[PDB]
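Engineer: only geometry, no sequence info:
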Ligand SMILES: *[C@@](C)(CO)[C@](*)(O)[C@H](CC(C)C)NC(=O)[C@H](Cc1ccccc1)NC(=O)[C@H](CC(C)C)NC(=O)[C@H](CCc1ccccc1)NC(=O)CN1CCOCC1
Ligand SMILES: [Mg+2]
């Protein structure tokens, strides 16, 4: 046995292209649409819960994931790749930061660590790149609210608002017209639901849409009282009912 | 670990990777070595395709391995740094364990051995570098000039050149260099080295580097003006 | 591509057979064994007149009682010589005696097939290992990159090998003197060499019980060349 | 605390002649004040006309002999059935001993045979490989009892020629095998009287060009 | 043990006793404490017989491979340093060696003291062993540079005798060596028993002893 | 080894080191130089357990000489002293620590100032006008505290050093066989052949 | 076995070139142009962001100009993810040097170290090289202000003015024309922006498509200051030089 | 064809070509014969030279006092396998004070060769061996193929033209098996057997190599004037 693939599977072609990264980006293009919008007092991330079968319980499959109490993530592309990246991202937030500094990492540095993991899958021996693009929304004390995109290459960019996957080109155009620097969080949620309706074919309700926010601190979700400085997680996943309420005022 | 055999024999008994490494040397800038009666001179070509260069900080072509030995090269520049570092480490290791500085022959044998090792080790390619190693042994006044190449073979030379258009300058040296009476002085040795490079270089401005090594760790690099005076005198005699 | 340790349909290792082709391109080396000693001679083959020929070292001492000549990719021989010298001296450490020529040769040949995917390829050099010991007397061995070694009364390796071997077939007899063997190596080298044989482009050496392994001076070889010319002109 | 060493007693003796050599040793094996065996061989024919005896801590002695016998076997395989000379064996044994410089073989060791000129040879080893060719050597429990006797009766030490009064020494005349075996038996009979770990039996191995011969003599069993 | 060596005009003298001890018991009296590394290099032994023998024999093999690769006999300084670095690896582990590396090379006669503690010293006069302290008295008092070979050989011999007499763990016989630029020369084995009486009569020394 | 002293004056650094090497009850040598030139304007004296001292000094020497060749530039005495300290601080938590104390005397050609650093086997570094290792400072510091000025000449520094050595020779029970003295200044390193 | 699928990233071509290094350089030629200009009283680093969007958060964005320490900075051309791997290694090397010698690392030593890492990927390991070219701008007390470049081959050279990435041929010609030795920082700032403005593939050169930085002794007395320009500050210098 | 690049690849008909190519190297090798009675076992080997100046390559190797083999094919591979046998015979003696059974020696060689046929990177052994020995169950003869297959036989032959000697032994089976307590007659039958594989060349003094082991006979090799008796 032994892993005898100690050589790179991603290499430069004569034209300068890294083929496997391009092909990974093509897989991301085929994936279901997801988006993110940044407001003055929050960030929203959203996607469609594309259920593979009606017998399948789509509540058990979480496309939007908590990484830290103040950082959340959503993806487009290959689901299994995303699931393992979330596991690694959650762990690296502890091992490379929280266990050292005693606090959760700021958004940009956690993004930097995830990016590194994805870059290594693009150069290390005997592996293919991750077939996902991530959208990571988060908050921290000194940088405020922020939204980042991470690609299969490991490259990451900060966005005011953006979209990835199936109908990203049309969705990004829609967001350019609606976005301004004075948006409140509720306005951003409203715009997110409008943008996402264009890329969805079938049912459009709280059960087929997954949406989460980075906003105010939630002391009711903390689970304990007694420490003034601990005020609760800023990440919150909107319920099926909470989504439907905002679809009536749509 | 990556164990792949990159340097292997072909049906006609050739190791192509080693032979392709010699092609990288052929592409490299010209380097020349000439030993006089009491000195050795190392000449090096600088391609003038690169101007706006900062000549203060740009890596010089001739490298000191120890206070009494120098090394110039032709081929891949990045590869040469690895050999030079290894040679420098070995030079200090020899002083440390044997309480004498390396002989020029010993240092050459080490560098050549490193080059050979990279022609039959798994997962590595040969060095695309040929070197000219020159200097004087400790407490000796006999000039030493050696050459190495990617295959790992080495040998001593009265005068030798490597790199691009080395065929032309070797032709010049073969008819101009007399073994019975070598360049008696430093001037004659430098003049012959500059003359040989002028067959290939193009302009005699900032394209020629000269480094003179004398006995007892006396090593100095000539400046642009000093070299330019040689270039002037050579062509003025040529107009006849 | 294909494995480095692959057999051909004829039952030969591709790489070993290809390394033998590299040895055919090498400079000529000849060895002759007599009851008075073993003689080793080589073609230096300088690529240019500016190359100082005395730095070309194709004949090498392994121990006082064992010498060695090489042909092929000579850079590959350095680690083999190093191993041989270590093996010879190590045996002297463990057993307080000289090592048998055959045992030394066997130790060198054990390295040969240590290649795969250890070193990445076989050696591209053949060795003539000559020496003397108390048990089997004066001996000459031919060590190949296949791991095989044959003992020889006389042997030539390199570019002019098959032409030289046919000449050694006729000339060798069991009563050869050392002086006769010296002239015989010079004769056959002069025959297969491209350039004209002299003291600067050819080198002689021998191994005797009394004096041990010796590389001949250029002044000493020059006289043997002059002695050869006169005896050929004598008839 | 576990003590990996022990003392099994025993005493050995090697004497070199002009064209022969003997290696003798008692056959008694002991721990403390108990007898384990009255006949437990301690001197072995190791091949190539070499005899060997290593003991003190029996387990380490058995291992060393076993390893040297193995070394002889592999010397033949690797060097075309060449005969291992006594001087080559001695040097080989040094390296077997020093390989455990930091967990020594707790033994006295002596080998005997013939040198390459056919003359008798005896080599002596300390536990970590310091070896010496000698004419006469005793090792083990009663070594200090025997050696002074051999200095006197083999090398004629402190013996001068009558009439001269200390001016001229007794000349070093060689000894015969029969004369040597007498000194051996007298040495071990004397050692048996005054040393409690020596007794029961005496086994002698004689080495000539013809081969290796054995002789056995009883000793006191108290 | 008692061993000594000293540089002088005509090379270097090396002398040593031959006694080996195991407590109060004299195990041997025929030990060669001078090892011939090469025709131009000698090594002395003091302390652990096994240790000194093994490491100096292993050094002689290092010095030989040096000659093969370099076509040049090793220097006294390089040889002494190879030993020193070898024993330094096992420092604190229990090694017991007190050696002198004597020879003639390009810089002329050379003499280095090397021990298991880590010392490596160049010097014109050394003496190591339990009886060294007695030998130093005779050396220091009679040592010149302009000493004849005959007188130098006697000095080294007389110095060992002084130590062999007083030191209980020194004696047996004296081994002499003289190292020239043409190599070392063995100058015999001299029984102390016979040598003592001879020196007493010819020199007049040891008046306190009766004979 | 025994006594190593150092004094930084106006334009130079002076290092005085004992000559004796001792094995038990016997003086093996009386002319030992307990110093290595690390670079043309940096000198290091040393003292500690046998073997460790020379092995460490020569190891440092090799590293600084390697740096000099690689960069064609001489490291500042401060940079060298920091390198040495790290090697000793690394050593002290190793399986078998180097038992060595050093003084580093150098002339910084950039600042045109002499500099003296004292470093013990633990990796404890201190820059000083004068310093000593072992039992040396116990006898000498009172004289240095009294007589030392920072504007002293090299000749005045040597006279004060003679006074320090005279006190050592009077009150120390051990005979250290005098000292080898070396001066480090702008022109390099030299030995005072008469002291 | 696995041999079947090995691309063999570290081999010579018959012409004596390294395939992957050459193809990596081809990749870098499509990256945004980065320019470095060295003056007597400072260094300028200018670089063009690649086809941005209006929704990109520029003030918190960094894809071209990175800080290695207080004295040294780099401009990037190629794969950003690959560059960040190397940048973090260089930051660690600079701190190791500072811890060892208690002095800031000389510029060349840092450059040589990174270039040696790049070289290693071309000679052993069987991995693809880093698709990155750097422009190093830095200062130390030996050589003063220095500009270097390194590429995937691991080869590095010193410069007075240099460009990497797209349109370097055109850019280098323009720099060679207008550059002079007695030039100052303010003049060098103008030269860098003018060169980008002429070589750019975009319709017009604006503040949102640029990253800019200077290394000046224009810090209070004998010391060096790094200035990574803000979006508003790039907008002002574009008006000052007369481009917008 | 497409399935002979390495040892780890079966062909569509279930064949291992690299093993078959290794088997081919044996057929190119010089002839060697093995046969036994109830008391003794004999090896006879035709040695091969490079030319008239060269020596004749040795074919027979001793493994222990009671066991040894003859080779045909790559000689270095025989040195590796015989060295392994020497160690295994030796392990049995040192640990169990037991002479290694010839049948068990065959099982060990089989398993060592097999590992080289199932793993990537390595290669099969390119040599065939004839092992003879005398143990607690009497005389034995084994044939080793580098495919891994080991076979106990009354007699056999391997190498070039080995079919001639193998046919002779198949006829003589009933005769030579009964040659008990007569070493010279058993060798005669072996020398007569190997003679059936000769063409052009004949058995000379430095050409022939014989080895024998038996009840009160340690494994000994005969070369030179020691085999002139049987010519
Ligand atoms: C003078 C004579 C003494 O100082 C010299 O220094 C000589 C130098 C010569 C021999 C090269 N040194 C000795 O004689 C030396 C003194 C000594 C002893 C032990 C350790 C260090 C130094 N003696 C030996 O080395 C003897 C030599 C024998 C008698 C031939 N060897 C022993 O005593 C051995 C070695 C033991 C040993 C060393 C290191 C690790 C483990 C073991 N020991 C024994 O034989 C056991 N000994 C037998 C006597 O009863 C007590 C146990
Ligand atoms: Mg009793």
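Structural biologist: Looks like it arrived, so ask away. Residues are numbered from 1 along each chain as shown, chains lettered A, B, ... in the order given. Ligands and ions are numbered 1, 2, ... in the order given.
Engineer: Residue C:202: neighbour count?
Structural biologist: Applying other C-beta atoms under 10 Å in any protein chain shown, we find 25 residues neighbouring residue C:202. C-beta: built from backbone N, CA, C; applies to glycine.
Engineer: same thing with residue B:11?
Structural biologist: Neighbour count of residue B:11, defined by other C-beta under 10 Å: 9.
Engineer: Leaving out the residues flanking it, which one is nearest to it?
Structural biologist: Spatially, and ignoring its direct neighbours in sequence, residue B:11 is nearest to residue C:18 (6.0 Å; C-beta to C-beta, 6 or more residues apart in numbering or on different chains).
Engineer: For the helix or strand harbouring the one you found, give me every contacting residue.
Structural biologist: If you go by DSSP states H and E, residue C:18 is part of helix C:14-24. Residues from elsewhere that reach helix C:14-24 (C-beta atoms under 8 Å, 6 or more residues apart in numbering or on different chains): B:8-15, C:2, C:4-8, C:71-73, C:113, C:115, C:121-126, C:144-146, C:157-159, C:161.
Engineer: Who are the contact partners of residue C:8?
Structural biologist: Going by C-beta under 8 Å, 6+ apart, residue C:8 touches C:14, C:17, H:21.
Engineer: Next one: it relative to chain F, how far apart?
Structural biologist: Per C-beta to the nearest C-beta, to the nearest Å, residue C:8 is found 50 Å from chain F.
Engineer: and if you look at residue H:172?
Structural biologist: If you go by C-beta to the nearest C-beta, the gap between residue H:172 and chain F works out to 72 Å.
Engineer: Which strands border the biggest strand by length in chain G, and is each parallel or antiparallel?
Structural biologist: For chain G, the strand with the greatest residue count under DSSP state E is strand G:132-140. Here strand G:132-140 is paired, per DSSP bridges, with strand G:72-78 (antiparallel), strand G:144-150 (antiparallel).
Engineer: Show me which of the contacts of residue C:8 is closest to chain F.
Structural biologist: residue C:14 (44.2 Å; C-beta to the nearest C-beta).
Engineer: Reformat the strands paired with strand G:132-140 as TSV; add mean neighbour count.
Structural biologist: Converted to TSV, the strands paired with strand G:132-140 look like this (neighbours: other C-beta atoms under 10 Å in any protein chain shown):
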stretch	mean neighbour count
strand G:72-78	27
strand G:144-150	24
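Engineer: so can I have JSON lines of the ones you listed showing distance to residue H:103?
Structural biologist: Shown next, in JSON lines, are those (distance: least, C-beta to C-beta, whole Å):
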{"stretch": "strand G:72-78", "distance to residue H:103": "67"}
{"stretch": "strand G:144-150", "distance to residue H:103": "67"}
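Engineer: Quick check: the residue of chain C nearest ligand 2.
Structural biologist: The nearest approach of chain C to ligand 2 comes at residue C:96, 39.1 Å away (C-beta to the ion).
Engineer: And for that residue, nearest residue in space, chain neighbours not counted?
Structural biologist: That would be residue D:91: by C-beta to C-beta, 6+ apart, it lies 4.1 Å from residue C:96.
Engineer: Check residue E:164 too.
Structural biologist: Spatial nearest neighbour of residue E:164, chain neighbours left out: residue E:171 (4.3 Å); criterion: C-beta to C-beta, 6+ apart.
Engineer: Could you pull out the helices in chain D for me?
Structural biologist: Using DSSP state H, the helices of chain D run over D:58-78, D:86-98, D:143-153, D:177-194.
Engineer: for the ones you listed, which one ends up most surrounded?
Structural biologist: For the helices of chain D, average neighbour numbers computed from mean count of other C-beta atoms under 10 Å in any protein chain shown are highest in helix D:86-98, which has a mean of 21.
Engineer: That one versus helix D:58-78: what angle between them?
Structural biologist: Counting by axes from the mean of the first three to the mean of the last three C-alpha atoms, to 10 degrees, helix D:86-98 lies at 130 degrees to helix D:58-78.
Engineer: can you give me the strands in the chain?
Structural biologist: Went with chain A since none was named. Using DSSP E, strands in chain A cover A:34-38, A:43-48, A:65-68, A:71-77, A:132-140, A:144-150, A:156-158, A:161-164, A:209-214, A:235-237.
Engineer: meant chain E actually
Structural biologist: Taking DSSP E as the criterion, chain E carries its strands at E:3-8, E:11-16, E:20-22, E:25-28, E:34-38, E:41-44, E:98-105, E:108-115, E:120-122, E:125-128, E:173-180, E:183-191.
Engineer: sorry, back to before: just the buried subset of the contacts of helix C:14-24, please.
Structural biologist: Buried residues within those, counting neighbours by 16 or more other C-beta atoms under 10 Å in any protein chain shown: B:8-9, B:13-15, C:4-7, C:71-73, C:113, C:115, C:121-126, C:144-146, C:157-159, C:161.
Engineer: burial measure for the residue nearest to residue B:11, as a count.
Structural biologist: With other C-beta under 10 Å as criterion, residue C:18 counts 21.
Engineer: What residues does chain D have near ligand 2?
Structural biologist: Residues of chain D lying close to ligand 2 (C-beta under 5 Å from the ion) are D:192, D:199.
Engineer: Which residue of chain D lies farthest from its centroid?
Structural biologist: Farthest-out residue of chain D from its mean C-alpha position, per C-alpha atoms, centre = their mean: residue D:163, at 37.3 Å.
Engineer: counting contacts, what elements does the longest helix seen in chain B pack onto?
Structural biologist: Ranked by number of residues, the top helix in chain B under DSSP H is helix B:77-98. Helices and strands touching helix B:77-98, by 3 or more C-beta pairs under 8 Å, 6 or more residues apart in numbering or on different chains; DSSP states H and E, are strand B:69-75, helix B:104-117, strand B:129-136, helix E:76-88, helix F:52-71, helix G:107-123.
Engineer: Which single strand of chain H contains the most residues?
Structural biologist: From DSSP E, the single longest strand across chain H is strand H:127-135.
Engineer: That one: how far from the chain's middle?
Structural biologist: Chain-centre distance of strand H:127-135: 5 Å, with C-alpha atoms, centre = their mean, to the nearest Å.
Engineer: Neighbouring strands - and their directions - for that strand?
Structural biologist: Checking strand H:127-135 against DSSP bridges gives partners strand H:67-73 (antiparallel), strand H:138-144 (antiparallel).
Engineer: Reformat those as a markdown table; add distance to residue E:32.
Structural biologist: Output for the strands paired with strand H:127-135, formatted as a markdown table (distance: least, C-beta to C-beta, whole Å):
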| stretch | distance to residue E:32 |
| --- | --- |
| strand H:67-73 | 43 |
| strand H:138-144 | 52 |
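Engineer: Which single residue in chain B comes nearest to ligand 2?
Structural biologist: residue B:97 (57.1 Å).
Engineer: burial count for the one residue in chain F that gets nearest to chain C?
Structural biologist: Proximity of chain F to chain C (C-beta to the nearest C-beta) peaks at residue F:62, 24.9 Å away. Neighbour count for residue F:62, taken as other C-beta under 10 Å: 19.
Engineer: Surely it is in contact with residue B:92?
Structural biologist: Yes - between residue F:62 and residue B:92 there is a contact at 4.8 Å, judged by C-beta atoms under 8 Å.
Engineer: residues making contact with stretch C:190-202?
Structural biologist: Residues contacting stretch C:190-202 (C-beta under 8 Å, 6+ apart): C:28, C:41-46, C:53-54, C:156, C:159-160, C:163-164, C:167, C:186, C:189, C:218-219, C:221-222, C:225, C:228.
Engineer: Please name the nearest non-neighbouring residue to the residue of chain D at minimum distance from chain H.
Structural biologist: Nearest residue of chain D to chain H (C-beta to the nearest C-beta) works out as residue D:77 at 6.3 Å. Sequence neighbours aside, residue H:86 is the residue nearest to residue D:77 in space, at 6.3 Å (criterion: C-beta to C-beta, 6+ apart).
Engineer: Likewise for residue B:200?
Structural biologist: Distances taken as C-beta to C-beta, 6+ apart place residue B:165 nearest to residue B:200, at 4.3 Å, with adjacent residues excluded.
Engineer: count of neighbours near that neighbour?
Structural biologist: 17.
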